[PDB]
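Visitor: First, the structure itself, so that you have it in front of you.
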Amino acid sequence: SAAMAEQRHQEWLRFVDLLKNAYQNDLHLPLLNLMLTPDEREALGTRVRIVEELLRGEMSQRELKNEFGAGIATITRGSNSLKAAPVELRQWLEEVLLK
Amino acid sequence: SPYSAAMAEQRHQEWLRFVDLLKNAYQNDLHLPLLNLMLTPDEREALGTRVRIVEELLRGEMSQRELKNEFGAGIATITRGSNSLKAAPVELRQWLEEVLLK
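Order-wise, the sequence lines are chains N and R. In this text, residue positions in the first sequence follow PDB author numbering: the first is 8, and each later residue adds one. In this text, residue positions in the second sequence follow PDB author numbering: the first is 5, and each later residue adds one.
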């Protein structure tokens, strides 16, 4: 269904706008506590580190598993997402995460 | 020992690093592709649905039965657990009422 696609998209955008507005109002921290589970927040903090190590390119698949608990699927998803990402995002992340 | 404050603070610093990365992304209009990279499609769908849950809980029109029919087990992230809607800062609940019920 493409009408669902549309509706899911609009609902996602609504969340993105809400959070943007929270940051503007300095309510992002309590909004993110409410909206994300503890495990999802932990995952997000760890995925910044995974992305940072995928861009750095030093750690092997096995070291990434050792350090982050991230198996082949999760690492593949990360690699795929970096390939799918707009090039400006990948370049900006290399600047901000590896600085 | 049974509880590590050192590890708890390390996790919190990792969390703050994401929160600041996203803050900066919003400022330079890279928030949408950063969230596509950081969150899975299921997690983004969950977040979009959780906005509806907060909105319906504030609106007070749906019965408990209707809430459960519409949102199922998903709802407990908002109504139960360590950071529930009941527990949220008043300033957040009020701002949510303002924004979500306009």
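The C-beta atom is built at its ideal place from N, Cα and C for all residues, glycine as well.
Are any of the Cβ atoms in chain N nearer than 7 Å to that of R:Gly-64?
Guide: For this step, residue 64 of chain R is matched to residue 60 along the second sequence. No, R:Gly-64 lies away from the interface with chain N (no Cβ there is under 7 Å from its Cβ).
Visitor: Could you name the residues of the same chain whose beta carbon sits closer than 6 Å to that of N:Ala-29, not counting the 5 residues immediately before and after it, in chain order?
Guide: As a position in the first sequence, residue 29 of chain N is number 22, starting the count at 1. Excluding sequence neighbours, N:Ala-29 sits near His-35, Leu-38.
Visitor: For the alpha helix (DSSP H) that contains R:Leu-39, what are its first and last residues?
Guide: For the purposes of this step, residue 39 of chain R is taken as residue 35 along the second sequence, with counting starting at 1. That run of the alpha helix (DSSP H) goes 35 to 42.
Visitor: Cβ of R:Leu-61 within 7 Å of Cβ of R:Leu-89?
Guide: Here residue 61 of chain R is taken as the residue at index 57 of the second sequence, counted from 1. Here residue 89 of chain R is taken as the residue at index 85 of the second sequence, counted from 1. Yes, these two residues count as a Cβ contact at 7 Å.
Visitor: I need the straight-line Cα distance from R:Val-58 to N:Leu-25, nearest angstrom please.
Guide: On the second sequence, residue 58 of chain R is found 54 positions in, with the first residue counted as 1. On the first sequence, residue 25 of chain N is found 18 positions in, with the first residue counted as 1. Distance between the alpha carbons of R:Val-58 and N:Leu-25: 12 Å.
Visitor: For the segment 62 to 89 of chain N, which residues have a beta carbon sitting closer than 9 Å to at least one beta carbon of chain R?
Guide: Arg-84, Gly-85, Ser-88, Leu-89
Visitor: Quick one: grab the DSSP three-state call for R:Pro-45.
Guide: Locating residue 45 of chain R in the second sequence gives position 41, counting from the first residue. Three-state DSSP puts R:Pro-45 in a helix.
Visitor: Give a yes or no on whether 7 Å exceeds the smallest Cβ distance from N:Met-11 to chain R.
Guide: Here residue 11 of chain N is taken as the residue at index 4 of the first sequence, counted from 1. Not an interface residue.
Visitor: Could you tell me if N:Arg-48 is buried or exposed, where buried requires 16 or more neighbouring beta carbons within 10 angstroms of its beta carbon?
Guide: As a first step, residue 48 of chain N is located in the first sequence; it is residue number 41 there, counting from the start. Flag for N:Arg-48 reads buried.
Visitor: Within 10 angstroms of the Cβ of R:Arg-69, are there 16 or more other Cβ atoms? Answer buried if so, exposed if not.
Guide: Counting from 1 along the second sequence, the entry for residue 69 of chain R is found at position 65. So R:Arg-69 ends up on the exposed side.
Visitor: Does any CB atom of chain C fall closer than 7 Å to the CB of R:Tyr-7?
Guide: No chain C appears in this structure, whose protein chains are N and R.
Visitor: Run the CB neighbour count on R:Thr-53, radius 10 Å, all protein chains shown included, and call it buried at 16 or more, exposed below.
Guide: The residue you call residue 53 of chain R lines up with position 49 of the second sequence. Flag for R:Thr-53 reads buried.
Visitor: What span of residues does the alpha helix (DSSP H) with N:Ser-88 cover, start to end?
Guide: Position 81 of the first sequence, counted from the start, is the residue given in the question as residue 88 of chain N. It spans 79 to 91 - the alpha helix (DSSP H) in which N:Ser-88 sits, taken as one unbroken run.
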